[PDB]
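A.B. asks: Following this message is one structure expressed as structure tokens.
Note: ideal-geometry Cβ built from the backbone for every residue, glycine included; neighbour counts use all protein chains shown. Readers should treat all values here as calculations from the given coordinates under stated rules, not as data from a laboratory.
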Amino acid sequence: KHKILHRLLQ
Amino acid sequence: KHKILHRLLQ
Amino acid sequence: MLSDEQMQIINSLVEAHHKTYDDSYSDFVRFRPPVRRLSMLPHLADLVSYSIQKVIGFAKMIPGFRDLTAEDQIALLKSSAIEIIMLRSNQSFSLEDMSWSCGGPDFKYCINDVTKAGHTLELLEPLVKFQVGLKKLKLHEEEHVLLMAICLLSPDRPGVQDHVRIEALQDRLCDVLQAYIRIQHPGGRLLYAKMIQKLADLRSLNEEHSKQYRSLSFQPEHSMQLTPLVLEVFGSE
Amino acid sequence: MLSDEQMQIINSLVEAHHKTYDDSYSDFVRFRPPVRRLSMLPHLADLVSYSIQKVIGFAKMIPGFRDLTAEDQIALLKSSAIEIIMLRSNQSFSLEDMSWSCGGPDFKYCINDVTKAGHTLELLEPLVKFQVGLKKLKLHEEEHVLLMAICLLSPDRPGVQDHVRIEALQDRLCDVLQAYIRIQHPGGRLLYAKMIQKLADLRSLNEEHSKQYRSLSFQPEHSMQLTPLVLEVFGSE
Ligand SMILES: C=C1/C(=C\C=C2/CCC[C@@]3(C)[C@H]2CCCC[C@H]3[C@H](C)CCCC(C)(C)O)C[C@@H](O)C[C@@H]1O
Ligand SMILES: C=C1/C(=C\C=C2/CCC[C@@]3(C)[C@H]2CCCC[C@H]3[C@H](C)CCCC(C)(C)O)C[C@@H](O)C[C@@H]1O
């Protein structure tokens, strides 16, 4: 859940 | 599930 | 001679394709532009996504497809989407270039552009070799169109539930294709065999794309670049 | 006079904004173009989606934010994303036009363009009135930047878990803003009050956007037009 937001936050 | 594909198929 | 029922099937399948394929490629100025990191990924995701919308518009016009359950329609489209795209793309492929030539400098998609979308040569090698085999077949439109609907109507797809009914549709369509070649294509003694051979080709290219898309959609900075349609058609749910 | 700790907070918050805001708007040629159905929706979804990426790059540079749990960071960004965008957009808003003027003819976003993205006047009326109130405040960059980080660090967000720690960060930042106005903005006897007033404004605009986005993302032919980032930041999961 929230794969992208986790990625963008390093 | 598959909201769009269902929509595009009328 | 062809029966009424079989020329009607040809008539509406040719019109459906004329209604869902644009030989000018004008709608391409509405995509995110190309760049030449994976620079080509946004423009090609938009392109694929637009094409998925056209394939759906085709399928809803294949006789018999509209009467399947919505599940089997989704099941058929998810499995066969990429193959129908590889087939339809043949209309833009030129042997002089070995590129899909959908316009001028920008929309001429070379092989170095497919890589810039994140695909390795394991997909590209049999893909272009497929594209020149399909191109050399010099298919009539009736056969190009028929082949697409036959590909879409394979019961050999994961998820299909009424494989008996869709197998009946796929066979009604191979009868049309065989009859059409036999009576309306001179010098096509071998063509149906070679055409069916190409369906086995696509299943192999399909697997290779899925392996590379799966690896792509598991890296969120790349799935970020896909459209929702793409994610919905190529995901597993 | 300002303390070392407070000018350091100003220094890195101004640089973060300089690193995440482009006054030329050059990256806008990489979006899907504008059209003037909801014709403007693709270009504005791309725009918002790009801006979400810049807000994240800002937040990771606010002191203290990087040390929160990933949950609270996600929780803060989801709730405050649209507000930070409305705040940052003020740099492009011009009173002579009443449009965001991010370029020439194409990237000048009038009010008739916001509607063509699917938003009714219930959002547009207090939004532009907010944009001219923020514009008349003639904020220094130190205050525009500080106000953004204060908005982002509200514990008044759904999902936040460590509201005690993020409240401490938000208060360290209001001390900087109050000190900065008191000692470095002449004629700003009233400014901090009016600035905090604008945070209440945003919460009202936020609610109005969410109501209209919720109605939009429930119509699949429109959510089709959104980017995955947008869907992930503005959805509920
Ligand atoms: C789509 C069409 C046309 C060209 C089709 C091409 C040439 C460019 C490359 C692709 C798109 C290829 C079609 C299939 C082979 C590979 C393609 C990408 C590399 C797959 C990315 C998909 C992703 C990112 C989700 O994994 C043009 C016109 O003939 C209309 C037709 O519908
Ligand atoms: C975003 C920025 C700039 C302008 C910002 C504007 C003006 C255009 C309209 C929007 C985008 C607005 C920002 C917020 C108000 C309304 C916006 C849409 C109507 C909301 C659609 C979002 C959806 C479809 C997911 O519901 C330009 C530059 O200043 C950089 C800055 O970051």
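A.B. asks: Does residue D:232 satisfy the condition of being within 14 Å of another protein chain (Cβ to nearest Cβ) and not aliphatic (A, V, I, L, M)?
C.D. replies: yes
A.B. asks: Exactly one condition in (1) over 15 Å from the mean Cα position of the chain (by Cα); (2) of a type in the set (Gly, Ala, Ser); (3) part of a helix (DSSP H, G or I); (4) within 14 Å of another protein chain (Cβ to nearest Cβ) is false for residue D:12; which is it?
C.D. replies: Evaluating residue D:12 over (1) over 15 Å from the mean Cα position of the chain (by Cα); (2) of a type in the set (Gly, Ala, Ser); (3) part of a helix (DSSP H, G or I); (4) within 14 Å of another protein chain (Cβ to nearest Cβ) leaves (4) as the failure.
A.B. asks: How many residues are within 15 Å of the chain's Cα centre (by Cα) and over 19 Å from residue C:45 (Cβ atoms) when one looks only at the range D:31-59?
C.D. replies: Qualifying residue count, the range D:31-59: 7.
A.B. asks: Hey, another quick one. Does residue C:216 qualify as being under 28 Å from residue B:1 (Cα atoms) and within 14 Å of another protein chain (Cβ to nearest Cβ)?
C.D. replies: yes
A.B. asks: Then there is this: Can you go through D:64, D:118 and tell me which one is small (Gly, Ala, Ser), more than 18 Å from the chain's Cα centre (by Cα), farther than 23 Å from residue D:17 by Cα and buried (at least 16 other Cβ atoms within 10 Å of the Cβ)?
C.D. replies: D:118
A.B. asks: Taking the residues in the range C:204-222 that are surrounded by 15 or more Cβ atoms within 10 Å (Cβ to Cβ) and under 13 Å from residue C:127 (Cα atoms) as candidates, determine which candidate is nearest to ligand 2 (Cβ to nearest atom).
C.D. replies: Of everything passing the filter in the range C:204-222, C:209 is nearest to ligand 2 (Cβ to nearest atom).
A.B. asks: Considering C:196, C:181, which residue is buried (at least 19 other Cβ atoms within 10 Å of the Cβ) and not in a loop (DSSP other than H, G, I, E, B)?
C.D. replies: C:181
A.B. asks: Of the residues that sit in the range C:98-148 and are away from ligand 1 (no atom under 12 Å from the Cβ) and part of a loop (DSSP other than H, G, I, E, B), which one is nearest to the other protein chains (Cβ to nearest Cβ)?
C.D. replies: So the residue we want is C:106.
A.B. asks: Something else now. Any residue at all in the range C:176-197 that is charged (D, E, K, R), within 16 Å of ligand 1 (Cβ to nearest atom) and out of contact with any strand residue (DSSP E or B) (no Cβ under 6 Å at 6 or more places or on another chain)?
C.D. replies: Here is the first cut: in the range C:176-197, the residues charged (D, E, K, R) are C:182, C:189, C:194.
This time we only want the ones that are within 16 Å of ligand 1 (Cβ to nearest atom), so: none.
Looking for residues that are charged (D, E, K, R), within 16 Å of ligand 1 (Cβ to nearest atom) and out of contact with any strand residue (DSSP E or B) (no Cβ under 6 Å at 6 or more places or on another chain), one finds none in the range C:176-197, hence no.
A.B. asks: Something else: Among the residues of the range C:27-42, is any closer than 21 Å to residue C:130 by Cβ and either away from ligand 1 (no atom under 14 Å from the Cβ) or part of a loop (DSSP other than H, G, I, E, B) (or both)?
C.D. replies: Yes - at least one qualifying residue is present in the range C:27-42.
A.B. asks: Residue check, residue C:75 against (1) more than 9 Å from ligand 1 (Cβ to nearest atom); (2) farther than 13 Å from residue C:134 by Cβ; (3) out of contact with any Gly (no Cβ under 7 Å at 6 or more places or on another chain), all met but one. Which one?
C.D. replies: (3)
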